[PDB]
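All remarks here apply to the structure that follows.
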């Protein structure tokens, strides 16, 4: 089997992407944030504290003839941005782009933090990291991909995120028309439960490539590109007037600037992030200070190849017995 679904930016900045997902019988379609940095599929629901729901579409398990309470199971998750959610668990039928999994754990939120409430466009998350990170207790549950894998034509999914435009998540096949040149594959460590890999270096604009190992994670659920302070300083040094602002919480730059590109290495290959992808717009409405899309990972404890990086590539998440990651230009 295969599946193919369009993913759409939630706003004009590509702060996140949502993908329609069918849950239950009859189908209830929710728009979920596919997150290769976590491993829980959780949704706003009829069980979510009423004051914490503001415009989201909810899953109502009592209206699904295939929903079953997973007795005794609870979940609770906290994300890198400080947001969180928790609740109980149903199993139900879940379909993405024509690919169906029966008996998928659907984690129903009883509580969500304010950042989730405040984002009316995201109805929940669909985790695509390794199932070892799944938070369900006392019996850990599998991700949608893990459950689908044996049925797929090939044990892979791909992320093709757009810049200010829709893109695609495919399951079970590689669309050879969706990228240019060849796909370069690189080793993955699953030791921390992430799609963790090592970039071979970087360049800023038209500058020379610096060969250096940068260990980080491919994370579709993180907006920005978080890299070591040395690398980030070298980037922003090429933008007149750019500075790190403790009050704002990162590097800012004059909105009048033209940003240089940023290149990262994948083996001997190179992915070029155009300068415009690094512009996250005014820090507040009407400001001429703009927020940068490349930020320091210092004090995160891990480097993160988030959407800024991934949307410059066609990315293969290869879930074969020894997982790997592939990157192509597009």
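Cβ: placed from backbone, ideal geometry, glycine included. Neighbour counts: every protein chain shown. The values are calculated or read from the model by the stated rules, or taken from the named source; nothing here is a laboratory result.
The residues listed here are 114, 76; of these, the one that is surrounded by fewer than 24 Cβ atoms within 10 Å (Cβ to Cβ) and closer than 30 Å to residue 190 by Cα is 76.
Applying the criterion of being in contact (Cβ under 8 Å) with a residue 60 or more places away in the chain and more than 13 Å from the chain's Cα centre (by Cα) to the residues of the range 21-40, the residue that is nearest to residue 221 (Cα to Cα) is 31. Residues 312, 320: which one is over 20 Å from residue 203 (Cα atoms), touching a residue at least 24 places away in the same chain (Cβ under 8 Å) and either outside any strand (DSSP E or B) or not assigned by CATH to the domain that holds residue 81 (or both)? Testing whether each residue is over 20 Å from residue 203 (Cα atoms), touching a residue at least 24 places away in the same chain (Cβ under 8 Å) and either outside any strand (DSSP E or B) or not assigned by CATH to the domain that holds residue 81 (or both) leaves just 320. The range 139-211 holds strands (runs of 3 or more DSSP E) entirely within its bounds, and those carrying 2 or more residues that are surrounded by 15 or more Cβ atoms within 10 Å (Cβ to Cβ) and within 18 Å of the chain's Cα centre (by Cα) map to 156-160, 167-171, 196-204.
In the range 102-117 there is at least one residue matching the filter, namely being in the same structural domain as residue 57 (by CATH), in a helix (DSSP H, G or I) and touching a strand residue (DSSP E or B) at 6+ places or on another chain (Cβ under 7 Å). Can you find even one residue in the range 241-258 that is in contact (Cβ under 8 Å) with a residue 12 or more places away in the chain, within 14 Å of residue 204 (Cα to Cα) and more than 21 Å from the chain's Cα centre (by Cα)? Within the range 241-258, one or more residues are in contact (Cβ under 8 Å) with a residue 12 or more places away in the chain, within 14 Å of residue 204 (Cα to Cα) and more than 21 Å from the chain's Cα centre (by Cα).
Using the structure shown, decide if residue 231 is within 16 Å of residue 201 (Cα to Cα), over 17 Å from the mean Cα position of the chain (by Cα) and in a helix (DSSP H, G or I). Judged against the criteria, residue 231 is a match.
Just to be sure before I move on: is residue 214 closer than 26 Å to residue 33 by Cβ, in the same structural domain as residue 306 (by CATH) and over 22 Å from the mean Cα position of the chain (by Cα) in the structure I sent? Criteria not met by residue 214.
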